[PDB]
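Here the structure comes first, spelled out in structure tokens, and everything after it is commentary.
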Amino acid sequence: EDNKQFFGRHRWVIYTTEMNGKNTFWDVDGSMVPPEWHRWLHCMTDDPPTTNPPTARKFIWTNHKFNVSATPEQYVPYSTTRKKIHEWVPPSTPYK
Amino acid sequence: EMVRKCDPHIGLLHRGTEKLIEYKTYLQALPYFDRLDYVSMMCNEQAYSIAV
Amino acid sequence: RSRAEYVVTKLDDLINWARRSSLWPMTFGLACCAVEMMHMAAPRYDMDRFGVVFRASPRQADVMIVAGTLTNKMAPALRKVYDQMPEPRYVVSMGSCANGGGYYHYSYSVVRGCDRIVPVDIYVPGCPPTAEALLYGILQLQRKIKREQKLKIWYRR
Amino acid sequence: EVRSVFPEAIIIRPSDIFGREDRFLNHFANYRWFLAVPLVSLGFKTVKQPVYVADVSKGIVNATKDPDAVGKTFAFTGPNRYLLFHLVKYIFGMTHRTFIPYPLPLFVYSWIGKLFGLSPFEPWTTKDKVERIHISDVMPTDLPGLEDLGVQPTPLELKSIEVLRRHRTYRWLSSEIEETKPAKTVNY
Amino acid sequence: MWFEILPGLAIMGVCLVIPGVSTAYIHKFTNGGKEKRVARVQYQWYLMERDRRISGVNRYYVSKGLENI
Amino acid sequence: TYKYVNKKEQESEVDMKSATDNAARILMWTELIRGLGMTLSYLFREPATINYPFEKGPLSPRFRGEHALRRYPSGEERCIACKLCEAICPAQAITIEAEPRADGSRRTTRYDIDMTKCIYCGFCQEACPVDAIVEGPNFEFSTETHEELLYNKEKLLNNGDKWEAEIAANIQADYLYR
Amino acid sequence: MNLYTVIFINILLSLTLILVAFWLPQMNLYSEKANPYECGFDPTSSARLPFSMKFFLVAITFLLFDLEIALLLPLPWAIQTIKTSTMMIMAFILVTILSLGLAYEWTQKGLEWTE
Amino acid sequence: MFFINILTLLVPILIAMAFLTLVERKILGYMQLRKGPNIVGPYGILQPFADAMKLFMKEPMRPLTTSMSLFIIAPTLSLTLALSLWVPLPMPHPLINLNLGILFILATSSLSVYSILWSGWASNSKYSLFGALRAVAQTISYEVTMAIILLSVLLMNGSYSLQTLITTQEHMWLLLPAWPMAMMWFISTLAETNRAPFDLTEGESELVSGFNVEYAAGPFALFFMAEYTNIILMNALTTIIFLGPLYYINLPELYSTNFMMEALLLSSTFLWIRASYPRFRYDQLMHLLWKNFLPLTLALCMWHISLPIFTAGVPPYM
Amino acid sequence: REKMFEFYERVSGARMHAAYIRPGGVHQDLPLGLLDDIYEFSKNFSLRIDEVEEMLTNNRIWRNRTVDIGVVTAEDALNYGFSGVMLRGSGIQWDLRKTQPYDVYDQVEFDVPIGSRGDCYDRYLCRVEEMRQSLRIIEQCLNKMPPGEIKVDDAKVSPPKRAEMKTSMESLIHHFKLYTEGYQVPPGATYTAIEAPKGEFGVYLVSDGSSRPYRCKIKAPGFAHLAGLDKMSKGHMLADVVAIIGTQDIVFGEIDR
Amino acid sequence: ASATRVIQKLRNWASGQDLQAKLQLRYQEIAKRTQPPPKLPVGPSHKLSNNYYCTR
Ligand SMILES: CCCCCCCCCCCCO[C@@H]1O[C@H](CO)[C@@H](O[C@H]2O[C@H](CO)[C@@H](O)[C@H](O)[C@H]2O)[C@H](O)[C@H]1O
Ligand SMILES: CCCCCCCCCCCCO[C@@H]1O[C@H](CO)[C@@H](O[C@H]2O[C@H](CO)[C@@H](O)[C@H](O)[C@H]2O)[C@H](O)[C@H]1O
Ligand code: SF4
Ligand code: SF4
Ligand code: SF4
């Protein structure tokens, strides 16, 4: 931070050069910012997560993930419901 | 470069808003008014809110 | 691999870098989404500092940003100007309307997603996506172009 | 070899396939760049029965569902046979380009194909391409065709302009289909 | 800030001084250490041709003083 | 009350002084010089450009971004498949199916949001009686395919598990206005 | 020789750039790409049809005014004459009649474009 | 050695042109409260090279209605003529020393319009024809006064030789006695280079892209390279005619350094002007030149014939 | 504009399509500190207008492109269906906020800019001055902002507060029904118009008694304005037509719907 | 804000305005991005008596 800069330039992040096994020396993007810092960096609050940490919940991701589009980790949609109609299964044994 | 006739052909952004609103509740139709004069969004809302 | 393969790979990087660094979108915008595109060009985001410059001619454009709703009456014209861009060319679909019809998906007059008309490289969600969200998608297109391997694939043919 | 590991395989045998992105009508149309069109024996000893690309694909897609297609060999040919001379002349008639044919022995022609074949990009022609242009299509006998798969062969005369209009100069761009005299056909 | 425009300007400025400077130096190198002679009129051309003829080496710019007479 | 924008037509006589001032203005381009002065004054102003993506545009806790499905502090899902969000969705972007869970709970088996139908209006999160579906703060989720934007329940619950720390803090900041 | 040499190099450089630009890139020719541009819709006619010129009279006036300056461009040599008064009168008369010609065309509305 | 001298003119001028594309985009940006290019290289200094490499790697257009010979010739002619305009420029010593160097400039510059005319016609599209016919009107507008403006100035020079202008201004800028002609000359060079507020042959808000609308890739780059080279040329010419850089026979490089500084400044005002004004209507450019510049240009030509006679100030022939 | 998008996003969460004004009031109350930031923006904006006026207003090139371009007479403007600045540019003294006021427009002071020549230049001057009069209204809104609730206290129309929804049985029922069925509107029809920034913006809304509109016809001011482009462009060049499209101030979301 | 006094004079003179008094860039004059919680009032129908819906 530098609060002498005008609003918009008064906060910034220097991204890591490696995240989740990806080389980010040149390939950085906004999705690398984890949720606790995303709130501070977008000025949704004045309080950084160092002095104002978020609530701890057991189900919250411990490892942030950036945008994984067009990688083997990309999301692929699918129907989450099970089969509705059930076919009759013909007998295995013959009939004469 | 003298203009003898202007024939404006429109409908290239006709999206059938007015028909779609007939299938919406009054609250559901409100956001369609943001997207009319989408440079004066809240004024469009205000017109529809006053009418309702 | 070999030194001929190494040289080919470095050439891919160079030509890829040139196209990354000088992306010229068409002056082409359809509805409210185009307003946020103006805000990406405006001073706060200043797309021109990344090398992104609007040109009105499809012959002088590299990217089409489909910024708004695509109607049936507009669809042939959009296809025409896409076809008249020289290659290599890219398409960015911007906003729910272009992405899949959005609020007007069920209309008699609307194309349910511009990817029924042109191939799409990046889909930017939102209604409208913010100027920043669009900028993020443009930077995602650049990284996609960074991954192109056309010369390596030519060498291995 | 394919039938030795997949004995029920459907085999599709098309003649030369014409269409917007073909290497057949576009190939001969592009002979204009060399001013004169060589043809072995002037194209009077070669018979071609070219087939439309959308007919082949339609037949291929019909063969994915046809119960009677399994294990068979099909020959996908167009309706009409042509001598290579009249076919090329028709192509130049449709492009409205000056057609200047001249005979060239095959051994000289193959050598030119080898030279063009040295391109490290996509060769404009090869020796094999020259050989295939001058092999006659085999006369139809026995094998089922496109009609057996529910496809009526499209004549070259109906579709050639969609391929060949881009090979015209501005003077002839708007010339219609009927201004070009159709090619003469053979029965052998 | 505006002074970030200057790197491009300095490159422009250097590129626009080279032609003038390089031409002046190449002239002196190829004209015996002197300015290249300007023959606006036929009289000046005549003097150059006479200078070339008396030079002994077929170069107008090699000058001959009183040591030659 | 009204005012005239271009009625300054109190035509008067012209002195030599004013005629010369008019002459100087025409012949020496003085108002065109004032235009150059204005653009020159901007040249020496600090530009308003931020250094995206190292810097970001300011946002507020109310910002409507990528959707998520939330939990109670125990880990139990908040959504109880009431379908109020589905009913109100002006784009019909939500598709829901539900049945009794193995423990008898009223829970969804399908919860889909077509992100390419959605208009990001926030009506779902207003309508939800249990703060289950929310629009989170994320706006950087552009994809390379259309299919990646057809979110199912697993995706939406992962967004909730991914973004809850920021989502919870934004709700704590705004819920008294709701 | 030198002027010929540099202009040939200028021609040579321009033609090399054209050859590179036409033979280096990957091509993909098809009809819709190469059709003339007109904002996404097809042209309704040829671009080779007559295009009216509303400033045609100014254009042919320019032909005469261009020979007037040709008569003025020897003035740097003419001011060297001993016959200074004659030269000055000829130059003054030449400029004045050209001004009167422009003044007449101006008052006849010859500089106004046709509608 | 003469071939090395050609390189040390052409190559630096082409680099100066490339970086003027960068300077324009940054100066325009900062006047618009933006930054302009600052990523592609340090402070954007590789952005011109990226644009150049992109364009020459792009598919060049082969439109079907086009008459192809003139289509190819026009951009080739454009860059040739732009480079040729530099060979007689004395900085302070020219590559080619011409007796009638000013008349060479006018003839070469006047042939340059045909690249616009033929490209627009050859493209055989409506928006390109519109751009070509605006070029016809543009030349009729400014060419009527540009040579008379030059004529009056050169009655103090005494010749058409560019190198003589250096000696004419040994003690004083020609700006001082000729500032009214300098003002009219400056507006004429904007129109002559098709620059704003007279950027009418391209005028993108009206004709999409005018004369070059059908042009892509490397052929398009030649028109752009020719336009930016001409902007530098016309301002360098304005510098030598009216702003006589300081000349000392024993310090030629002092002239070159001073010439560059003034030429850089005059090129900056071209970019400054573009950022400040709206566009003229192309009939209004004709009226500006024929009903304002031309009367004053004719009066001042008569005045500058009159001046050396009644002050006994005729310049020398040689 | 980017700073004003932040006011939109701070009240509604969206920079543009806020959906913030609803029948019954507004969706949420202003966040604490928003009025101060609107005041900070407002006190500098007139200088931003002055700079733009410095570039254009007296510029002879700008005047050459807009003066006597697209002249429309008062009578034609009325018969062609024009409204807003397309009337006031021709001297017609009409503005719905003064003649047919809505919300609290009869409680604020401002002037209506009136043109004299009916051309593009006069309409540009009217719009510049309308921005200055908007600042004048904004200042009064900031000082006169009253306390209290921000939507009608009538839970058959406006949804109840979330805390009530989660405590009281009536509030939950009314919340449930308002977000599913919606409120029923008694049968009838109204033509309602406001002075939108582009002109009179109208809705002819027919209710059949149910919770869905039977018919909603939208009156876009630009629909009549564009229909008058051929009339306004007579005896003008292609470059003038580019100016006249701009002078009508046209958005095709509203013309096409 | 960080312009030197020389540049401030230059841009003030060039524009004809006092730009330093009305900068378009925002500094510390704006609201804090965290605020105290609100407590909003209730409307006129929040009454425990004399509030029958049929009268309103
Ligand atoms: C004495 C005569 C010697 C024998 C002459 C033989 C000439 C035959 C020329 C064949 C054409 C080569 O010319 C080149 O062909 C390629 C692909 O073939 C096409 O080139 C382009 O268009 C097609 C369109 O689908 C793409 O498939 C192709 O990848 C692309 O490069 C053009 O048509 C032409 O650029
Ligand atoms: C209808 C068209 C009207 C426009 C044309 C009007 C032309 C009339 C021109 C009148 C001016 C002539 O001005 C005349 O200039 C000459 C020199 O040039 C002066 O001549 C003087 O100087 C010259 C040297 O040049 C001496 O040799 C001479 O003895 C002496 O008189 C005259 O004293 C003056 O009268
Ligand atoms: S996606 Fe939303 S903002 Fe974009 S054009 Fe469609 S309705 Fe407008
Ligand atoms: S934000 Fe609006 S459109 Fe999107 S899912 Fe929620 S209710 Fe539906
Ligand atoms: S997300 Fe909320 S509103 Fe939607 S079904 Fe679940 S509980 Fe009901």
Side-chain angles (χ1 to χ4, degrees), chain A residues 6-8 10 42-46, chain B residues 40-43 45-46 49, chain F residues 57-64 122 170 172-178, chain I residues 1-16 18-22 24-49 97 102-110 130-153 158 161 197, chain J residues 21-43:
Chain A
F6 72 82
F7 193 63
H10 69 130
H42 294 77
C43 304
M44 291 150 147
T45 185
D46 282 328
Chain B
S40 307
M41 285 84 42
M42 276 203 196
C43 293
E45 299 163 359
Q46 182 184 47
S49 304
Chain F
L59 291 169
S60 83
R62 299 191 189 181
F63 178 72
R64 322 204 291 257
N170 282 344
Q172 179 60 45
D174 206 64
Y175 82 99
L176 295 172
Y177 299 97
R178 321 174 160 179
Chain I
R1 280 178 50 85
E2 190 57 90
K3 285 178 285 214
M4 287 183 270
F5 273 20
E6 295 163 350
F7 305 146
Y8 262 57
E9 187 274 339
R10 279 161 76 182
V11 300
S12 82
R15 289 147 56 83
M16 257 168 86
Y20 174 72
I21 304 168
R22 320 196 169 178
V26 290
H27 178 52
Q28 289 179 268
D29 201 356
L30 309 178
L32 295 171
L34 182 57
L35 292 168
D36 289 336
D37 277 21
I38 291 162
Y39 165 74
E40 288 303 315
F41 173 90
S42 295
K43 93 186 168 52
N44 302 331
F45 185 63
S46 88
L47 171 62
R48 303 282 83 78
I49 304 167
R97 295 170 293 172
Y102 46 97
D103 288 334
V104 290
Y105 272 113
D106 51 27
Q107 292 179 67
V108 297
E109 271 142 304
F110 65 102
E130 264 171 72
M131 280 197 274
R132 299 182 180 284
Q133 298 295 325
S134 278
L135 284 178
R136 194 191 176 176
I137 293 156
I138 284 153
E139 163 164 49
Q140 295 170 62
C141 291
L142 290 173
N143 293 306
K144 291 190 260 207
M145 185 58 67
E149 74 285 8
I150 49 76
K151 70 190 87 191
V152 65
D153 202 16
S158 274
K161 280 192 291 301
Chain J
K22 297 188 181 172
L23 293 178
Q24 52 225 303
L25 301 179
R26 288 166 293 157
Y27 290 93
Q28 302 282 63
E29 67 275 4
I30 54 167
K32 304 296 182 276
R33 311 302 292 185
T34 167
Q35 293 278 316
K39 192 178 137 49
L40 305 189
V42 300

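Reckoned from all heavy atoms, side chains included, excluding hydrogens, waters and symmetry mates. Throughout, a chain's letter reflects where its sequence line sits, starting with A, and its residues are numbered from 1.
The number of heavy atoms from other shown groups lying within 6.0 Å of OH (I/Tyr39) does not exceed 12. Residue I/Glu139 places its CD atom among 12 or fewer non-hydrogen atoms of other residues, nucleotides or ligands, all under 6.0 Å distant.
For the pair J/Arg26 and A/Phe7, the cation-pi test (distance below 6.0 Å, angle within 45°) is failed.
How far CD of I/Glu40 is from CD1 of J/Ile30: 9.0 Å, rounded to the nearest 0.5 Å. Here I/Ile49 contributes atom CD1 and I/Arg132 contributes atom CZ; the two are 5.0 Å apart, rounded to the nearest 0.5 Å. Atom CZ of I/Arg22 and atom OG of I/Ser158 lie 9.5 Å apart (nearest 0.5 Å). To the nearest 0.5 Å, the span separating CG on I/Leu47 from CG on J/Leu23 amounts to 9.5 Å. In this structure, OH in F/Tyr175 is found 11.5 Å from CZ in F/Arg178, a value given to the nearest 0.5 Å. Atoms OG and CD, on B/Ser49 and B/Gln46 in that order, are 7.5 Å from each other to the nearest 0.5 Å.
A distance-only check finds a donor-acceptor pair linking the side chain of I/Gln140 to the backbone of I/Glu109 [under 3.5 Å]. With A/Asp46 contributing its side chain and J/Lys32 its backbone, the two residues share no donor-acceptor pair below 3.5 Å. Of the possible donor and acceptor atoms, one in the side chain of B/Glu45 sits under 3.5 Å from a partner among the backbone N and O of I/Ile21. A donor-acceptor pair under 3.5 Å is absent between the side-chain atoms of I/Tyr8 and the main chain of I/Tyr20, judged by distance alone. A donor-acceptor contact shorter than 3.5 Å links the side chain of I/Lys3 to the backbone of J/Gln24. In this structure, I/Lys151 contributes its side chain and I/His27 its backbone to a donor-acceptor pair below 3.5 Å. A side-chain donor-acceptor contact under 3.5 Å links I/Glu9 to the backbone of F/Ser60. F/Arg64 places a side-chain N or O within donor-acceptor distance of the main-chain N or O of I/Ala18, the cut-off being under 3.5 Å.
By the 4.5 Å heavy-atom criterion applied to side chains, I/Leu135 and I/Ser46 are counted as neighbours. You'll find the side chain of I/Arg97 reaches within 4.5 Å of the side chain of I/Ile137, heavy atoms only. Annotation: side chain of I/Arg10 is in contact with side chain of I/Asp37 (closest heavy-atom distance under 4.5 Å). No side-chain heavy atom of A/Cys43 sits less than 4.5 Å from a side-chain heavy atom of F/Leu59. Proximity of I/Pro31 to J/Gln35: side-chain heavy atoms (C-beta onward) are nowhere separated by under 4.5 Å.
Scanning both residues, I/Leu30 and F/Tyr177, for their nearest heavy atoms gives O-CE2, 3.4 Å. The heavy-atom pair separating J/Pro36 from I/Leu32 by the smallest distance is O-CD1, 3.1 Å. Nearest heavy atom pair, residue J/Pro37 against residue F/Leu176, reads CB-CD1, 3.5 Å. Nearest heavy atom pair, residue I/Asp153 against residue J/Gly43, reads OD2-C, 3.2 Å. In terms of heavy-atom proximity, I/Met16 sits nearest to I/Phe5 at CG-CZ, 3.6 Å. When all heavy atoms of I/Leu142 and I/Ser42 are compared, the pair lying nearest together is CD1-OG, 4.5 Å.
J/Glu29 has no carboxylate O lying under 4.0 Å from a charged side-chain N of I/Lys43, or vice versa, which leaves the two without a salt bridge. A salt bridge links F/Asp174 and F/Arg62; the closest N-O separation between the charged side-chain nitrogens and carboxylate oxygens is under 4.0 Å.
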